[PDB]
Each structure stands twice: as structure tokens, then as C-alpha cells.
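What follows is one chain in C-alpha cells, specifically the form deposited in one PDB entry.
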């Protein structure tokens, strides 16, 4: 069923994730502290998001084939996908108890009001929670989770991509691996239904990306807000 190459890819992506997602959340103590300013949570959550961008870059570099892309295409894929992979990877800390992101302590536990205290409105947050709930209900194995993140990043339809055919070839291999993994665990029609819902999630992420971009542009236009961001966030999310 799963070929040696497909097992290889999954092993590599699982290891990449283990090396770039820290489930102890130990580094959160190095951020500017959460304060519960109208945007009182923006220092803390800008540091968290900027840290997460760094981890997404570290994950992306280990995706088989990502190295074969030009530096230009690597940059455009990361710039376009960073926000989506952040939304996807944050689902590992999301909890269905109170619809919040629980990072090991009450100080580092974030609800809808915390996200609104970083500047976003329910225009973004309501669909983001709906997204997190629906992804949680898929009950993905870690193997599917890491494949979805990689498929998310290596998408040939990102604006700016120069070698779309190469990007597509890389993504096709990942997509074939994920489809085969699903088939190994689930007979039809459940296999097709599950893959279909994972594809819908990637489409949802594009809409969330667009809405985040709109709200980020309006927020970062005020210098009193940009002042609270990090240099890495300004570079990656700007432009």
C-alpha cells in the first residue's frame, strides 16, 4: 500500500514537525508578557506569531523537494502560506472545552477576546474558530496533519510563483502520499469523504488568509500598531 518512498516522506515530515513544534511551549516566557492599551495583547501575540513564523520556515526547509526551488520561489511560498500554516499548526493547542488555545498555563491560554485584544474583529475570529472546530472534528493523525501543512506550503497557485510546474510536481507527490495514507486507514467512501474535507480545509485557509490580510493591512497602517509588531512580522506580512 504505502511505498517505501511514501513512508520516507512521512517519516521526514514527522521529524521536521517534531523539530519545529515545541509542545512544552517553554519559549513563551521569552515573549513580551500577556496583559489582560485597548490592544493590550498585541505585544505578546505579535511575539508569539513572529516566533511561529520562524518555526514554519524551519519546517518548510525540511519538506522533501522544497530545497530544489529557487530562493525566489521559496520566499513567495513562505510569505503567502505563513499565516495559513500558523492557523493550521495552532490547532494542536486548540481545545473544544472553551473554544480556546491552551498553551500549558492560564497566562498562555488564548480565547476570542484575547485575539480581539490584538486588533482583529469577529469578521476574522468567528470563521477562525469555526475552522479550528471543524479541523478538530476531523481527528487527524499527526501524519495527515504534517502532510496537510506541507501541501499548504508547496502550492503552485500562490501569486508570484515562477516555476509553478516544479511546485506542482512537489505538491503532487505529497498529495499522493496523503491520499494513499488515507486509503490505508479507511475504506471508501469514508476515505474519499475524509480527503474531500481536508481539501475543503485548504480552501477555507485561503479565505482566512484573505481576511487576515485585509485586517492586518488596516491595523499595520497605524504606526502606533506597527510599532508593537516585530521586524520579522513586518517583513513577512508586509509587502
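Take the two forms, superpose them, and find the largest set of C-alpha atoms that agree within 1.5 Å; that set is the rigid core. Only residues modelled in both forms are compared. Positions refer to the first chain, counted from 1.
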Query - Deposited residues lacking coordinates between residue 36 and residue 37 (none, 1 to 3, 4 to 9, 10 or more) - result: 10 or more
Query raised in the report: Got a sec? Mean C-alpha B-factor, which is higher, 49 to 57 or 23 to 31?
Result: 23 to 31
Requested in this report: Going by the average Cα B-factor in the PDB entry, point out whether 106 to 114 or 87 to 95 comes out higher.
Outcome: 106 to 114
Report summary line: Quick tally, chain-level thirds of C-alpha B-factors: residue 143 sits in the middle
Query raised in the report: Lowest, middle or highest third: where is residue 2 by Cα B-factor in its chain?
Result: highest
Query raised in the report: Looking at the C-alpha B-factor of residue 74, is it in the lowest, middle or highest third of its chain?
Result: lowest
Query raised in the report: Once the chain's modelled residues are ordered by C-alpha B factor and cut into thirds, is residue 222 in the lowest, middle or highest one?
Result: highest
Requested in this report: Going by the recorded CA B-factors, say which third of the chain residue 161 sits in, lowest, middle or highest.
Outcome: highest
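What comes next is about the form deposited in another entry, which is not displayed.
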Query raised in the report: Does residue 61 show a Cα shift reaching 2 Å between the shown form and the other one after rigid-core superposition?
Result: no
Query raised in the report: Cα of residue 186 displaced 2 Å or more between the shown form and the other one, core superposed?
Result: yes
**Report entry** Cα separation of residue 189 and residue 169 in the other entry versus here, shift of 3 Å or more
**Finding:** farther
Query - Residue pair residue 192, residue 172 - Cα distance in the other entry, closer or farther (3 Å or more) - result: farther
Report summary line: Stretches of at least 3 common residues between the shown form and the other one with C-alpha displacement of 2 Å or more post rigid core fit fall at 185 to 192
